[PDB]
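Heads up: the structure comes next, in structure tokens.
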Amino acid sequence: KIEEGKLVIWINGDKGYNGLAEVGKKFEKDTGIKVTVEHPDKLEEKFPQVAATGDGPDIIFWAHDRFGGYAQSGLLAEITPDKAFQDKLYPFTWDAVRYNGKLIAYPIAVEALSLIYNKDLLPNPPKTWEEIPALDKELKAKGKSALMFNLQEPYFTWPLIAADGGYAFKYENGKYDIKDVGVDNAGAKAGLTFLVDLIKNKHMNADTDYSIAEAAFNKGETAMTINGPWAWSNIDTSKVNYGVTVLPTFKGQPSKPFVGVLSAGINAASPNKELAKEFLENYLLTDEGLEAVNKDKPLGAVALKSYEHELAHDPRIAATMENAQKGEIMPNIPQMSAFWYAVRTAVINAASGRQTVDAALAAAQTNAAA
Amino acid sequence: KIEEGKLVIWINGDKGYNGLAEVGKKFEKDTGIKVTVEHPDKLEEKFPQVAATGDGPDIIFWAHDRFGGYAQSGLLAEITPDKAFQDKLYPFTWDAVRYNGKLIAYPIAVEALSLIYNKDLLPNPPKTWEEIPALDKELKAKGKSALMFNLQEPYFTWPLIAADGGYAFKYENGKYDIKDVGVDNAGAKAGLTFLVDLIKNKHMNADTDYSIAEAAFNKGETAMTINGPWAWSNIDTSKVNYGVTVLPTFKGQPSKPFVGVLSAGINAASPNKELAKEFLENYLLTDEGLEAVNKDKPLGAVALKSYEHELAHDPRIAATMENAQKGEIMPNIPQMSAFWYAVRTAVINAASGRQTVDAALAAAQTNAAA
Amino acid sequence: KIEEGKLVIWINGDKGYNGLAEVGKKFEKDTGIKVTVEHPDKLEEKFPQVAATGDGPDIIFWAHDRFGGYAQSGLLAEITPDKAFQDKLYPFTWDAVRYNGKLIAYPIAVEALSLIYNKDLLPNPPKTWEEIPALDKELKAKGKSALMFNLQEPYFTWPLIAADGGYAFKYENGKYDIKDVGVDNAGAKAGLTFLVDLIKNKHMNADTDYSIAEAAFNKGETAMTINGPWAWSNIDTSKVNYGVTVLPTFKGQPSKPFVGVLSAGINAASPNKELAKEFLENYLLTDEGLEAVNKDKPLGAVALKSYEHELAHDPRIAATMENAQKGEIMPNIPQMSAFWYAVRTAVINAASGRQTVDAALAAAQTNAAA
Ligand SMILES: OC[C@H]1O[C@H](O[C@H]2[C@H](O)[C@@H](O)[C@@H](O)O[C@@H]2CO)[C@H](O)[C@@H](O)[C@@H]1O
Ligand SMILES: OC[C@H]1O[C@H](O[C@H]2[C@H](O)[C@@H](O)[C@@H](O)O[C@@H]2CO)[C@H](O)[C@@H](O)[C@@H]1O
Ligand SMILES: OC[C@H]1O[C@H](O[C@H]2[C@H](O)[C@@H](O)[C@@H](O)O[C@@H]2CO)[C@H](O)[C@@H](O)[C@@H]1O
Ligand SMILES: [Cl-]
Ligand SMILES: [Zn+2]
Ligand SMILES: [Zn+2]
Ligand SMILES: [Zn+2]
């Protein structure tokens, strides 16, 4: 069971957990309630297992996409903010945390992938994806690579796949068609083909995960990377003269990244819902609260209006927001996990050569649909 | 008819329309709703013509004085903010936008006139009006004039007229007597006589309008001007070492400027009232929203408390406030258009010599009353 | 009777009254309502006398401890803020201003006592009280004293008393036992004994009041002092290189200061309750309002969320919080005046030698209980 009188919080490792722990400490000082901040491996998979039994954390942090499915699975409590608190945040962020006409999580920040480049190694970043092979030929001679990013999570190769015309589920007449999946189309195929051609032409490596790509960029080995705001902290630590810009185009089309909204959900099994509400509304969703988390690892474009001016003029944030506009806010619909798992398998097998782009993407399309 | 699915905004040319257009752009990004910002000539006269037919803008920007009349004419929608949003603004600003117990517009900023002077040509501005003729003589020798302001709008002449006793309508027992007008009294007569004597003693020119004065002050031709916050932008551009101070006194009495509250009204014929509400409450009446507009042309003392410490410590603002406090917030009552037209005619004819101060002001008093 | 149409405010002589007067001036400039700010001697005693008759101030400022008693005496109006305004402040601060399920005052700031030391005289301030006598011997050689604080108010000698075991009233099962008083226990006795031993060993003076101490610290005569945020202003004026730190430990136990919340109450006899509400909610409890008061004399840790960041990163404030966390927020229960009066007598008589620590504290325990 979940311990009453205290608060357990689960948040991802790539995020500002130590910052969030300080907020929890600040909350314990005023209230005398212990706040434990954990970062379990594979928490997005782990949570729905434990929550079903009545165990797990009091509060769950993840991007809105996994939230609709949890709500459908009857794992999330219905959040009850008054119009006063709701007005403190951007309505579009509230739309992201709504499932079945109910508010299921608290929106924290809008996170988007951006083109991060070494200003010293590359003063002018490429406007197109197409010019990247030529650019790596130049850098390879200098024992450096043009670009490196996570090829183990579909979230990173997604703005490329979507740039042309690749898509998750079709949105028409105010709803998503769960049977209409666009991970098999000409646009999706062209996108992933280009990526596999890069690996094939010794421009990228299929094995490249989150860490390896970060190490390479932060150590100056690679001139470019694809990542979100959270990454910026370690890039600062590395003292690399870096710029955060708009992602490269593909077939004259802008890259369309899947935009996530960091959200905080309350476990329906929690006997500490009112405390969870108090911590989220009065301690985290405050300018002091976000400052603490943002100083650890950057949140991106925050949902809290009162904290806009403090980040609104950072070019990194402006560049993130440009990509956000070029991309699309992810659906929260329960089918998203099925979609992600299907694309994860498709990208991995195509990159490794285990399956053809065409065969793998075809399987994904079937697997993503019910 | 008014186009549904989009917003049309009318605002005065002296205000920050390009700044407001950026807010509209920011609103289109998040919502996908086009926001057109227009600045028609004579919009305060133009709006009630078009609104009566069912056409015109979705949102109208003007000072609160014209709003009560529009509301009575059945042209303005009743604004519906929740106590949460209402608390974000100064209650006195809300009082200005209330007509017949209904909130008929959104208060933006408190605007008052100040005496703006060239620090190089005049290091010590006159405390009194009575000392401007002598000061003008000294400056004429140096090929310059002491003071120049718009003599075509009674707004700029009113602080002098109201100084020793002029008034629009008598306020007693919580209401205005529409039959009791004070544009004819000894104080109103003394005030306008002094102004006409200045023109008569070649210290001012009856022809001088807003731009003639703007040019003369910004080009260094005149040592003083009478204007509002909106003007400051062009004075900055001109690189004139300027100070914004308290208006001169007349007969030891302070100048009494008619204080205006820039307000945003929703056209009752608009099929986009909910969008208009969303734009005004969530996009403009925000620290980011006001910043955008204020950076184009200064708003004055804003109605939004959260924004105050960003303009509060500006000495120009302190002077706008000194003047505002010495003056009186304009009534919104319908007979304000009638009053303004009557005084405009009175000021013009007295300045031009076409009519005597006494004859013109007597006519005004009759014309202003029903 | 209380004058109708104008506000009268009473606030303590050690607080930022001139700052508060500026807020009142700002309120008069927008509303045309005169705001008189007074600081009467012994106002916490004076108010309940005059309020009972129907006279006194419109608004009373004091720490929350005296308010519960005033409310019971039927002197305070029930404050009516909407959830929107209530959310602008920390809920724990609202708990302090609640008596009998009614909100009886507005919470302004959290004030606690800290150890203030001369960095030039003392580079590393003592971590324990036990090392103070030895410290003093060294400073006497340099013609200085180690520590000086007000021995005329139990508020300053209370962190020492409470440290090893002292307490006002026992809190169990969500309520205070008014018959169970802990001013007589082993911990309370040890604490006050140590203080009397300091006076006895010519390390402190029984006569020392607030000003005697303020002067000695600010003139460089004493290396240490015990005071609250309000004091900082004059220490700045004195140009003494000072640090604000955690209070010394006693028997390895932290000093437990009785934490106060500066609160604003509305006199139940006032005919200006709505004006009082408007001034408190829209003028003082704003970032501009607390800036004004704070600039005069520092408030401490404010209840208003939006202003936190301005004072949050001040090390003096961090030390105020550090100590407050070690201490306990005072009860507001009507027996509090009975407690303070009883302890005041006990401390005075023990210090002066008039009574033994044991005899005086025993009398206090009886006197504090009903
Ligand atoms: O890649 C599958 C995965 O994509 C997204 O995950 C992101 C997350 O949103 C980011 O903020 C950061 O944590 O990195 C992850 C990618 O490694 C979806 O939100 C997630 O549900 C999905 O399964
Ligand atoms: O002059 C008559 C006029 O006075 C005010 O108009 C002001 C307006 O308030 C300002 O925003 C600025 O733009 O200058 C105008 C002066 O031309 C009243 O608001 C108005 O209704 C009245 O006609
Ligand atoms: O010492 C007895 C006294 O302590 C507290 O008073 C504090 C007050 O809270 C502060 O605002 C500051 O001015 O100093 C006071 C000490 O004089 C209690 O709040 C008070 O009721 C009590 O009598
Ligand atoms: Cl705010
Ligand atoms: Zn800004
Ligand atoms: Zn300020
Ligand atoms: Zn901060």
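Identifiers in the structure tokens: chain A, B, ... in order shown; residue index from 1 per chain; ligand index from 1 in order shown.
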Backbone-only DSSP, strand (DSSP E) members of stretch 135-268 of chain B, as JSON, numbers by chain: {"B": [145, 146, 147, 167, 168, 169, 170, 171, 172, 175, 176, 177, 178, 179, 180, 181, 182, 222, 223, 224, 225, 226, 227, 242, 243, 244, 245, 258, 259, 260, 261, 262, 263, 264, 265, 266]}
Within 7 Å of ligand 5, counting only C-alpha atoms and all ligand atoms: which residues, as JSON, numbers by chain? {"A": [308, 309, 312, 313], "B": [287, 288, 291]}
Take the residues just selected and output them with N, CA, C and O atoms as an mmCIF file, in the first residue's frame.
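After the write, result.cif holds the following:
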```cif
data_model
loop_
_atom_site.group_PDB
_atom_site.id
_atom_site.type_symbol
_atom_site.label_atom_id
_atom_site.label_comp_id
_atom_site.auth_asym_id
_atom_site.auth_seq_id
_atom_site.Cartn_x
_atom_site.Cartn_y
_atom_site.Cartn_z
ATOM 1 N N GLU A 308 6.900 33.289 -17.203
ATOM 2 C CA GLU A 308 7.234 33.470 -18.616
ATOM 3 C C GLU A 308 8.428 34.410 -18.808
ATOM 4 O O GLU A 308 9.481 33.936 -19.230
ATOM 5 N N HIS A 309 8.291 35.697 -18.412
ATOM 6 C CA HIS A 309 9.313 36.742 -18.535
ATOM 7 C C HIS A 309 10.762 36.329 -18.174
ATOM 8 O O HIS A 309 11.697 36.797 -18.829
ATOM 9 N N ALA A 312 11.220 33.719 -21.318
ATOM 10 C CA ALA A 312 10.675 34.236 -22.590
ATOM 11 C C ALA A 312 11.704 34.935 -23.497
ATOM 12 O O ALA A 312 11.507 35.009 -24.719
ATOM 13 N N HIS A 313 12.790 35.455 -22.895
ATOM 14 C CA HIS A 313 13.804 36.183 -23.641
ATOM 15 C C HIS A 313 15.121 35.415 -23.862
ATOM 16 O O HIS A 313 16.043 35.954 -24.486
ATOM 17 N N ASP B 287 1.805 40.080 -18.067
ATOM 18 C CA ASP B 287 3.050 40.842 -18.022
ATOM 19 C C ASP B 287 3.751 40.855 -19.392
ATOM 20 O O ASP B 287 4.253 41.903 -19.807
ATOM 21 N N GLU B 288 3.688 39.733 -20.131
ATOM 22 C CA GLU B 288 4.259 39.633 -21.479
ATOM 23 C C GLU B 288 3.492 40.498 -22.482
ATOM 24 O O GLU B 288 4.112 41.157 -23.331
ATOM 25 N N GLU B 291 4.036 44.337 -21.795
ATOM 26 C CA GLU B 291 5.427 44.603 -22.176
ATOM 27 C C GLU B 291 5.521 44.922 -23.675
ATOM 28 O O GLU B 291 6.089 45.956 -24.038
#
```
Give the residues of chain B that lie within 8 Å of chain A; count only C-alpha atoms, and format the answer as a PyMOL selection string. chain B and resi 29-30+84-85+282+286-288
So that I have them on file, write out the residues from the current selection with N, CA, C and O atoms, as a compact mmCIF listing (two decimals), in the first residue's frame.
```
# COMPACT_ATOMS: atom_id res chain seq x y z
N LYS B 29 -0.37 31.88 -32.88
CA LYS B 29 0.53 30.74 -32.77
C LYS B 29 -0.09 29.65 -31.90
O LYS B 29 -0.19 28.49 -32.32
N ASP B 30 -0.58 30.03 -30.71
CA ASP B 30 -1.15 29.09 -29.76
C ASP B 30 -2.54 28.58 -30.13
O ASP B 30 -2.88 27.45 -29.77
N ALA B 84 -11.36 35.89 -10.03
CA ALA B 84 -9.93 35.57 -10.17
C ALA B 84 -9.21 36.53 -11.11
O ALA B 84 -8.16 37.08 -10.75
N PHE B 85 -9.80 36.77 -12.30
CA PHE B 85 -9.25 37.71 -13.26
C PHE B 85 -9.42 39.15 -12.79
O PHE B 85 -8.48 39.94 -12.92
N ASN B 282 -6.15 36.35 -21.28
CA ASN B 282 -4.98 35.46 -21.26
C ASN B 282 -3.78 35.89 -22.09
O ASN B 282 -2.74 35.24 -21.99
N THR B 286 -1.55 40.36 -19.37
CA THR B 286 -0.45 39.54 -18.86
C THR B 286 0.79 40.43 -18.87
O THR B 286 0.83 41.43 -19.61
N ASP B 287 1.81 40.08 -18.07
CA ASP B 287 3.05 40.84 -18.02
C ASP B 287 3.75 40.86 -19.39
O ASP B 287 4.25 41.90 -19.81
N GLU B 288 3.69 39.73 -20.13
CA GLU B 288 4.26 39.63 -21.48
C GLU B 288 3.49 40.50 -22.48
O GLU B 288 4.11 41.16 -23.33
```
Nearby residues, ligand 2, 7 Å, only C-alpha atoms and all ligand atoms, as JSON, numbers by chain: {"B": [12, 14, 62, 63, 64, 65, 66, 153, 154, 155, 156, 260, 262, 337, 340]}
Writer output for current selection, N, CA, C and O atoms, as a PDB file, in the first residue's frame:
```
ATOM      1  N   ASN B  12      -6.135  53.510 -31.330  1.00  0.00           N
ATOM      2  CA  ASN B  12      -5.640  54.796 -31.825  1.00  0.00           C
ATOM      3  C   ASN B  12      -4.182  54.758 -32.329  1.00  0.00           C
ATOM      4  O   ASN B  12      -3.364  53.983 -31.827  1.00  0.00           O
ATOM      5  N   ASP B  14      -1.784  56.964 -32.001  1.00  0.00           N
ATOM      6  CA  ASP B  14      -0.786  57.380 -31.006  1.00  0.00           C
ATOM      7  C   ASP B  14      -0.360  56.243 -30.024  1.00  0.00           C
ATOM      8  O   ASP B  14       0.707  56.339 -29.410  1.00  0.00           O
ATOM      9  N   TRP B  62     -10.179  52.449 -26.606  1.00  0.00           N
ATOM     10  CA  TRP B  62     -10.324  53.884 -26.375  1.00  0.00           C
ATOM     11  C   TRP B  62     -10.342  54.105 -24.870  1.00  0.00           C
ATOM     12  O   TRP B  62     -10.327  53.140 -24.114  1.00  0.00           O
ATOM     13  N   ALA B  63     -10.333  55.363 -24.437  1.00  0.00           N
ATOM     14  CA  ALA B  63     -10.431  55.722 -23.045  1.00  0.00           C
ATOM     15  C   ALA B  63     -11.883  55.516 -22.648  1.00  0.00           C
ATOM     16  O   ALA B  63     -12.784  55.738 -23.450  1.00  0.00           O
ATOM     17  N   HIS B  64     -12.088  55.047 -21.421  1.00  0.00           N
ATOM     18  CA  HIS B  64     -13.367  54.743 -20.788  1.00  0.00           C
ATOM     19  C   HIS B  64     -14.512  55.768 -21.010  1.00  0.00           C
ATOM     20  O   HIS B  64     -15.676  55.362 -21.009  1.00  0.00           O
ATOM     21  N   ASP B  65     -14.196  57.069 -21.198  1.00  0.00           N
ATOM     22  CA  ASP B  65     -15.207  58.113 -21.378  1.00  0.00           C
ATOM     23  C   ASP B  65     -16.218  57.866 -22.506  1.00  0.00           C
ATOM     24  O   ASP B  65     -17.397  58.196 -22.357  1.00  0.00           O
ATOM     25  N   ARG B  66     -15.772  57.276 -23.609  1.00  0.00           N
ATOM     26  CA  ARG B  66     -16.649  57.002 -24.745  1.00  0.00           C
ATOM     27  C   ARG B  66     -17.455  55.695 -24.593  1.00  0.00           C
ATOM     28  O   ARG B  66     -18.433  55.495 -25.315  1.00  0.00           O
ATOM     29  N   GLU B 153      -7.672  69.823 -29.801  1.00  0.00           N
ATOM     30  CA  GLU B 153      -8.385  68.866 -28.955  1.00  0.00           C
ATOM     31  C   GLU B 153      -8.524  69.442 -27.548  1.00  0.00           C
ATOM     32  O   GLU B 153      -7.515  69.855 -26.962  1.00  0.00           O
ATOM     33  N   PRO B 154      -9.778  69.546 -27.014  1.00  0.00           N
ATOM     34  CA  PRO B 154      -9.975  70.164 -25.680  1.00  0.00           C
ATOM     35  C   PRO B 154      -9.301  69.413 -24.526  1.00  0.00           C
ATOM     36  O   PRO B 154      -9.145  69.979 -23.444  1.00  0.00           O
ATOM     37  N   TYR B 155      -8.873  68.159 -24.780  1.00  0.00           N
ATOM     38  CA  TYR B 155      -8.178  67.289 -23.839  1.00  0.00           C
ATOM     39  C   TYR B 155      -6.913  67.979 -23.239  1.00  0.00           C
ATOM     40  O   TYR B 155      -6.708  67.969 -22.011  1.00  0.00           O
ATOM     41  N   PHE B 156      -6.128  68.636 -24.110  1.00  0.00           N
ATOM     42  CA  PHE B 156      -4.883  69.324 -23.787  1.00  0.00           C
ATOM     43  C   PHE B 156      -5.096  70.698 -23.180  1.00  0.00           C
ATOM     44  O   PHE B 156      -4.167  71.261 -22.597  1.00  0.00           O
ATOM     45  N   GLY B 260      -7.841  59.524 -18.185  1.00  0.00           N
ATOM     46  CA  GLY B 260      -8.393  58.478 -19.033  1.00  0.00           C
ATOM     47  C   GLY B 260      -7.846  57.105 -18.717  1.00  0.00           C
ATOM     48  O   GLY B 260      -6.702  56.966 -18.287  1.00  0.00           O
ATOM     49  N   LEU B 262      -7.282  53.611 -20.637  1.00  0.00           N
ATOM     50  CA  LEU B 262      -7.323  52.882 -21.891  1.00  0.00           C
ATOM     51  C   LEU B 262      -8.074  51.600 -21.635  1.00  0.00           C
ATOM     52  O   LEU B 262      -7.729  50.848 -20.722  1.00  0.00           O
ATOM     53  N   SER B 337     -19.539  62.706 -25.006  1.00  0.00           N
ATOM     54  CA  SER B 337     -19.309  63.038 -26.416  1.00  0.00           C
ATOM     55  C   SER B 337     -19.814  64.491 -26.667  1.00  0.00           C
ATOM     56  O   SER B 337     -19.052  65.294 -27.219  1.00  0.00           O
ATOM     57  N   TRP B 340     -17.448  67.148 -24.946  1.00  0.00           N
ATOM     58  CA  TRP B 340     -16.201  67.240 -25.713  1.00  0.00           C
ATOM     59  C   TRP B 340     -16.341  68.001 -26.996  1.00  0.00           C
ATOM     60  O   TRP B 340     -15.465  68.797 -27.335  1.00  0.00           O
TER      61      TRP B 340
END
```
Report, in Å with one decimal, the straight-line distance from atom CA of residue B:72 to atom CA of residue B:98. 11.8 Å
Expressed in Å to a single decimal, how great is the separation between atom CA of residue A:223 and atom CA of residue A:242? 9.5 Å
Residue neighbourhood residue C:358, 9 Å, only C-alpha atoms, exclusion window fewer than 4 positions, as a ChimeraX atom specification: /C:184,189,193,350,362-363
Among C:125, C:330, C:314, C:57, ligand 7 is approached most closely, using only C-alpha atoms and all ligand atoms, by C:314
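By chain and then residue number, the residues within 6 Å of residue B:264 are residues 60, 61, 105 and 106 of chain B, counting only C-alpha atoms and disregarding those fewer than 6 positions away in sequence.
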Preceding selection exported with C-alpha atoms as a PDB file, in the first residue's frame:
```pdb
ATOM      1  CA  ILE B  60     -12.465  48.531 -29.577  1.00  0.00           C
ATOM      2  CA  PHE B  61      -9.669  50.387 -27.732  1.00  0.00           C
ATOM      3  CA  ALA B 105     -14.889  46.982 -21.105  1.00  0.00           C
ATOM      4  CA  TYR B 106     -11.417  45.792 -19.880  1.00  0.00           C
TER       5      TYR B 106
END
```
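One distance worth recording is that between atom CA of residue C:104 and atom CA of residue A:278, which is 22.3 Å.
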